[PDB]
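Next up: a single chain in structure tokens, the form deposited without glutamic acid (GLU).
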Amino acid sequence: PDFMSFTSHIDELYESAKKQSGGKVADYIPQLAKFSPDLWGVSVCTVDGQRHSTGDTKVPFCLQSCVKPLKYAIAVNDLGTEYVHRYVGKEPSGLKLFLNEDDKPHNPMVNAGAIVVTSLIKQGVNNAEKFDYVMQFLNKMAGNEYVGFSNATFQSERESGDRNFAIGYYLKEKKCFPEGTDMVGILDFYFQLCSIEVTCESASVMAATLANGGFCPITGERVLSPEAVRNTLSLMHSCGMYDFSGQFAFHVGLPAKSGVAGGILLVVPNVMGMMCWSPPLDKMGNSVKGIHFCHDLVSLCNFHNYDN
């Protein structure tokens, strides 16, 4: 109703979260370890295309697990709910097992689930074509704003990803992939997708596409089917913030997805999309400043799912 006044509040919330200096920058690969703990950016894109940024909103960082709801949305857009969910579950798991009782990954937001979803997209073509296809989808979601790639993060993630190779071999053992899948090639594609780079600005447009029923707000183009968006938002709401998912659902009540680079892709349905980014993570793997910002945003603007 008054965007200028809303941005003053966003700036005040950004300043309050800026003081939260806690957390640890992820350091399992050098490409993550090098990031300054003081980098902090918040970008907003409303469903009507109004924009606002504060802080470090043009510094590229990897999507990491923030890409999981995006590739899940692409798979449902192309294949439908029924086909996708023959391979992956629909609910959160309690706070280590690679598969649920039905030999399926628990949901698309955990590594095993995202690895399986990766195997469903553009089957039958080489990895260069699969990657180009997802890149063109991400460009449409961001209204052609910054979508890049970190080869150094890709190389390091693959070289050091023993846990993801253990998951790949266990999924292969339990026949989790579509028949004729080259599992090692799927792991390559998975590491590549995690290594896609965005800024707070471009990622806020991707979150706004999810908030706007699948239509990119800065172009007006239909990018994702209503079904893909609805499924993605439901799973971001219950499975998107690692083992903090349940507490985030109760106190924040918004669909969101965190990543190890410090990003939090946030959706306020029919209102706006946001990307909050600060490299230091708490014990759950979520950006300390971003979590603080999310709690403050809902308390101030009453954006919670069940707020009257």
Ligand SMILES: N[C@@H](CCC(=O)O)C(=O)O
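Between two forms, the rigid core is defined as the largest C-alpha subset superposing within 1.5 Å. Each residue number is its position in the shown sequence, starting from 1. Residues that one form lacks are left out of the comparison.
Another form, the form deposited with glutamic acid (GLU) bound, is not on view; read the next lines as being about it.
Enquirer: Which one of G273, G259, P279, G41 is close to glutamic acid (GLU) in the entry with it bound, taking close to mean a heavy atom within 4.5 Å?
Expert: Looking at the other structure, the residue within range turns out to be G259.
Enquirer: Of these, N77, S150, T181, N111, which has a heavy atom no more than 4.5 Å from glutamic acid (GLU) in the entry with it bound?
Expert: Comparing distances to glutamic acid (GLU) in the entry with it bound, the residue within 4.5 Å is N111.
Enquirer: Under a 4.5 Å heavy atom criterion, is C194 part of the interface with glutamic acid (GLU) in the entry with it bound?
Expert: Yes, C194 lies within 4.5 Å of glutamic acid (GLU) in the entry with it bound.
Enquirer: Would you please decide whether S245 lies within 4.5 angstroms of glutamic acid (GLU) in the entry with it bound, comparing each non-hydrogen atom pair?
Expert: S245 lies outside the contact set for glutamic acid (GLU).
Enquirer: Do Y190 and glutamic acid (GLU) come within 4.5 Å of each other in the entry with it bound, heavy atoms counted?
Expert: Taking the distances in the entry with it bound, the answer for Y190 is yes, it comes within 4.5 Å of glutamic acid (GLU).
Enquirer: Are any of the heavy atoms in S238 no more than 4.5 Å from a heavy atom of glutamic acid (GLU) in the entry with it bound?
Expert: Residue-level check for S238: no, no contact with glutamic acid (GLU).
Enquirer: Heavy atoms within 4.5 Å of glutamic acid (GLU) in the entry with it bound: which stretch among 247 to 255, 41 to 49, 265 to 273, 57 to 65?
Expert: So the stretch in question is 57 to 65.
Enquirer: Hey, which residues along 12 to 46 are within 4.5 angstroms of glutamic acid (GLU) in the entry with it bound, non-hydrogen atoms only?
Expert: Contacting residue: only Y28.
Enquirer: After superposition on the rigid core, which segments of 3 or more consecutive residues show C-alpha displacements of 2 Å or more between the shown form and the other one?
Expert: Once the cores are aligned, run 93 to 95 is the only one whose C-alphas move by at least 2 Å.
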